[PDB]
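We're numbering straight along the sequence, starting at 1.
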Amino acid sequence: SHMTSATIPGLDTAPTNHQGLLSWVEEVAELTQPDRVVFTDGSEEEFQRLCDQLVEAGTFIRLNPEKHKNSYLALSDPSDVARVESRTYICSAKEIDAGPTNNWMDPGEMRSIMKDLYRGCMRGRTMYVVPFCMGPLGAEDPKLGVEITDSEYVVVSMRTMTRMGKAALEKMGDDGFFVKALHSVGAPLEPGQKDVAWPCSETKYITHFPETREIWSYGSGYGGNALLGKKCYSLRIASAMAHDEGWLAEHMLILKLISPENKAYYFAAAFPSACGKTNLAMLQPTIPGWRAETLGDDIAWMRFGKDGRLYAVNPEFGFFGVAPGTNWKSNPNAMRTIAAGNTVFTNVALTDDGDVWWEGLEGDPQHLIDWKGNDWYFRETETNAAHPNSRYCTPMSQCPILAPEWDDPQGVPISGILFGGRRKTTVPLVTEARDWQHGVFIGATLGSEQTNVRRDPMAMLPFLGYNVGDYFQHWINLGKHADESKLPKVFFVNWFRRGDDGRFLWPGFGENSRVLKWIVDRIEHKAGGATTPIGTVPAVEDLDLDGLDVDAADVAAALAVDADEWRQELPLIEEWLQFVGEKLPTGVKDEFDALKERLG
């Protein structure tokens, strides 16, 4: 019953222009034993064909086209609803090159386990070969990949999240390099066996081989586990590439801010989860003459240009956003993006008229079908209607405030890099670093609230493809060797500082544009601030608070730098620096020592 790759339907008609690709596909198919192989082209005809098949399988239902054109709802197995960090691995030759922020296993050992799992795993299924490009196709060092998957849901979402199909395949030419990304849901079928809507396995691995730039995923069909052009490539493999190649692959939104002068400024900003980063990515300024446009809300790849500035490009082609919390009152721009359709929603609730809903959204719907397919009733049912990690997957080109530069292969020059977290105390509303190395320290020690303060360096804690210490040294090196006058200025922002009574000291949301204005003025040397032990911090009089109904005392409190509080912060930072381990750069320790000395 086992078939030699040659005889598997679809391989007879494979593209032969790139033999490295063909040989790999044949080797994989020989192992996994699919019923047939399909090379995807990313076309609209293909997209609708795959969607019809997904509706037939029950994986999708078609949403009301009057409310969302060409849009679908998928409900997952309740065991498969999120990234699984504990099952995510960096399999470098040596453990130290994974480092203390990563899960490591000997690559030989991992390969033995996963090759065993992959044997026959695609029986009864189509194996898709999905060529894709990271970033605009016009790039100079363009990063290509091919994802092999047995999940049609994956193919459809990869079409939205990446530049998928024909154009990428042509870019590979006859022997071009590409990231080999292998995926299976791990649910082989017998002939004539009825499938389920969302196949998956209890056994999961999301494995990365940084040296060879390979990704092997098994067992999950969900999000970042299975859409391998998301963080597996965009952050984990790409950070290793960037390490070796002299650039930066980072977990940052990309924002375009335009001043009343009509001059544009681009910012890259790293936040952990639960810090409202999507709200900031789609900022609507509240002060006259200031406008904002978005280039991305997840990943930024930064490379030096010929002029010595750092240029950012978004490697992604679509948004994969957490649905709950998204609503018309706080992110109308996200809602408008979704309104234009062409969206796959996963684990949200279904309204009686074929629309979608999730916690936080307006409407007070009286009845819903929840993410498990069950009746839900307003102000009665005690379970969430949409899964807390439910998703919309939507083309970026539909965003009404998308910057025209979004598809430029050279990207946009970055004026400022921002780091942020949620802190009830201690950390002011905004601080500017004293210089690049201090900036690296600020990013490296990024703290944010946890069940208490979690360190999430550059918001990359779960996503580094190599040792965290070496990553810090890489940031230090790029700054050392750059033209200092052209490096982005580094800032830290805390929108979330609280008074002792629990009030929010800063109103946030669109009002964050007032902080961004200070940042732009500092870049232009048009604003002052106080020199404090932690960096430059504005006084209330340094911010534009015109038209803002806010207690000046609350804003002063938001901006305060209390030496006692920062002395208490020191041992927390020190235990983190110790955790970083043997590869902690002396340059980072230097900045800790300097902070300690300034504090007295």
> Can a salt bridge be assigned to the pair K486 and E484 using a cut-off of 4.0 Å between side-chain N and carboxylate O?
Replying inline: no
>> Using a 3.5 Å distance criterion without hydrogens, assess whether the side chain of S239 forms a donor-acceptor pair with backbone atoms of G465.
In response: yes
>> Measuring from atom OG1 of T160 to atom CD of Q398, what distance do you get when rounded to the nearest 0.5 angstrom?
In response: 8.5 Å
> Would you find a donor on one side and an acceptor on the other, under 3.5 Å apart, between the side chain of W495 and the backbone of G420?
Replying inline: no
> Backbone N or O of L461 within a donor-acceptor pair of the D456 side chain at under 3.5 Å?
Replying inline: yes
> Side chain of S397, backbone of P395: donor and acceptor closer than 3.5 Å?
Replying inline: no
> Does a donor on one side chain and an acceptor on the other come within less than 3.5 Å for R454 and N452?
Replying inline: no
> Which pair of heavy atoms, one from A168 and one from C133, lies closest together, and at what distance?
Replying inline: CB-N, 3.7 Å
>> Around atom CZ of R498, are there more than 12 heavy atoms from other residues, nucleotides or ligands closer than 6.0 Å?
In response: yes
> Is it true that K256 and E405 have a side-chain N and a carboxylate O under 4.0 angstrom from each other?
Replying inline: yes
>> For a 4.5 angstrom cut-off between non-hydrogen side-chain atoms, does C275 reach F496?
In response: yes
>> If you define the side chain from C-beta out and look only at heavy atoms, does anything of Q284 sit under 4.5 Å from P332?
In response: yes
> Is atom CZ of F509 surrounded by more than 12 heavy atoms (other residues, nucleotides or ligands) closer than 6.0 Å?
Replying inline: no
>> Aromatic contact between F345 and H68, with the criterion being ring centroids under 6.0 Å apart: yes or no?
In response: yes
> Does NZ or CZ of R303 come closer than 6.0 Å to the centre of the six-membered ring of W247, within 45° of the ring's axis?
Replying inline: yes
>> Once you measure the plane-to-plane angle for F267 and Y265, does it fall in the parallel (<30°), tilted (30-60°) or perpendicular (>60°) bin?
In response: parallel
> Is any side-chain heavy atom of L595 closer than 4.5 Å to a side-chain heavy atom of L570?
Replying inline: yes
>> Ignoring hydrogens, what is the shortest heavy-atom contact between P409 and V313? Give both atom names and the distance.
In response: O-CG1, 3.7 Å
> Should the heavy atoms of other residues, nucleotides or ligands under 6.0 Å from CG of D307 be counted, would the total exceed 12?
Replying inline: yes
> Do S390 side-chain atoms and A386 backbone N/O form a donor-acceptor pair below 3.5 Å?
Replying inline: no
>> Any heavy-atom pair between the side chains of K277 and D297 that's under 4.5 Å?
In response: no
> Can we say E565 and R423 salt-bridge, meaning some charged N sits less than 4.0 Å from an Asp/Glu carboxylate O?
Replying inline: no
> With no hydrogens and no angle check, do the side chains of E147 and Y233 hold a donor and an acceptor under 3.5 Å apart?
Replying inline: no
> How about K596: does its NZ atom have over 12 heavy atoms from other parts shown lying under 6.0 Å from it?
Replying inline: no
> What do the steps show when you test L253 against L280 for side chain to side chain contact (heavy atoms under 4.5 Å, CB included), and what is the final call?
Replying inline: CA-CA 8 Å; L253 61 100; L280 179 67; 4.1 Å; yes
> Do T337 and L402 have side-chain heavy atoms sitting under 4.5 Å apart?
Replying inline: no
> So, does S71 use its side chain to make a donor-acceptor pair with the main chain of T343 at under 3.5 Å?
Replying inline: yes
> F463 ring centre to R236 NZ or CZ under 6.0 Å, with the angle to the axis within 45°?
Replying inline: no
>> Is any side-chain heavy atom of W576 closer than 4.5 Å to one of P457?
In response: yes
>> I'd like to know if the side chain of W301 pairs up with that of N314 as donor and acceptor (distance under 3.5 Å, no hydrogens or angles considered).
In response: no
> Donor-acceptor pair, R455 side chain versus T445 backbone, under 3.5 Å?
Replying inline: yes
>> Using 0.5 Å steps for rounding, measure from the CG atom of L257 to the OG atom of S415.
In response: 10.0 Å
> Looking only at heavy atoms, which two atoms of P585 and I476 are closest? And how far apart?
Replying inline: CB-CD1, 3.7 Å
> Minimum heavy-atom separation for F304 to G308, with atom names?
Replying inline: CD2-O, 3.5 Å
>> Quiz question: by atom type and distance under 3.5 Å, do the side chains of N477 and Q473 form a donor-acceptor pair?
In response: yes
> More than 12 heavy atoms of other residues, nucleotides or ligands under 6.0 Å from CD of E597: is that the case?
Replying inline: no
> Does the side chain of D470 pick up a donor-acceptor pair with the side chain of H243 at under 3.5 Å?
Replying inline: no
> Just how far is it from atom CE of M241 to atom CG of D141, taken to the nearest 0.5 Å?
Replying inline: 8.5 Å
> Of all heavy-atom pairs between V412 and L295, which one has the smallest distance, and what is that distance?
Replying inline: CG1-CD2, 3.8 Å
> Do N389 and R83 have side-chain heavy atoms sitting under 4.5 Å apart?
Replying inline: no
>> Ring-plane angle category for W406 and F317, please: parallel below 30°, perpendicular beyond 60°, tilted otherwise.
In response: parallel
>> Let's go through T532 and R598 carefully: what are the C-alpha distance in whole Å and the side-chain angles of both, what is the deciding distance for side chain to side chain contact (heavy atoms under 4.5 Å, CB included) to 0.1 Å, and is it a yes or a no?
In response: CA-CA 8 Å; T532 81; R598 290 191 299 268; over 6 Å; no
> Any salt bridge between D554 and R497, counting N to O under 4.0 Å?
Replying inline: no
>> Regarding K526 and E261, does a basic nitrogen lie under 4.0 Å from an acidic carboxylate oxygen?
In response: no
> Looking only at atom types and distance, does a side-chain atom of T326 sit under 3.5 Å from a main-chain N or O of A323, one as donor and one as acceptor?
Replying inline: yes
>> Quick test of your reading of the model: are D407 and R163 salt-bridged, counting only N-O distances below 4.0 Å?
In response: yes
>> I'd like to know if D483 and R309 make a salt bridge, using a cut-off of under 4.0 Å between side-chain N and carboxylate O.
In response: no
>> Strictly below 4.0 Å, N to O, side chains only: are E316 and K230 in salt-bridge contact?
In response: yes
>> Determine whether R159 and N342 satisfy the following criterion, side chain to side chain donor-acceptor pair (under 3.5 Å), listing intermediate values before the conclusion.
In response: CA-CA 11 Å; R159 198 236 187 198; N342 306 305; over 6 Å; no
> Taking it one step at a time, do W290 and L516 satisfy side chain to side chain contact (heavy atoms under 4.5 Å, CB included)?
Replying inline: CA-CA 10 Å; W290 294 81; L516 297 195; over 6 Å; no
>> Determine whether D521 and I523 satisfy the following criterion, side chain to side chain contact (heavy atoms under 4.5 Å, CB included), listing intermediate values before the conclusion.
In response: CA-CA 5 Å; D521 285 350; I523 287 165; over 6 Å; no
>> Within the 3.5 Å criterion, strictly below it, is a donor on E569 or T426 matched to an acceptor on the partner's side chain?
In response: no
> Minimum heavy-atom separation for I534 to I442, with atom names?
Replying inline: O-CD1, 4.5 Å
> Does the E432 side chain pair with the main chain of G535, one donor and one acceptor, at a distance under 3.5 Å?
Replying inline: no
>> Within the structure provided, determine whether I299 and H251 are in side-chain contact (heavy-atom separation under 4.5 Å).
In response: yes
> Quick one: side-chain hydrogen bond (donor to acceptor under 3.5 Å, both in side chains) partners of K171, sequence neighbours excluded?
Replying inline: none
> Distance only, no hydrogens: is a donor on one side chain within 3.5 Å (strictly under) of an acceptor on the other, for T286 and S513?
Replying inline: yes
> Between the side chain of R567 and the main-chain N/O of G600, is any donor-acceptor distance below 3.5 Å?
Replying inline: yes
>> Strictly by side-chain hydrogen bond (donor to acceptor under 3.5 Å, both in side chains), give each pair with a member in residues 535-551 just once, sequence neighbours left out.
In response: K517-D544
> Taking the six-membered ring for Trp, are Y466 and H474 parallel (under 30°), tilted (30 to 60°) or perpendicular (over 60°)?
Replying inline: perpendicular
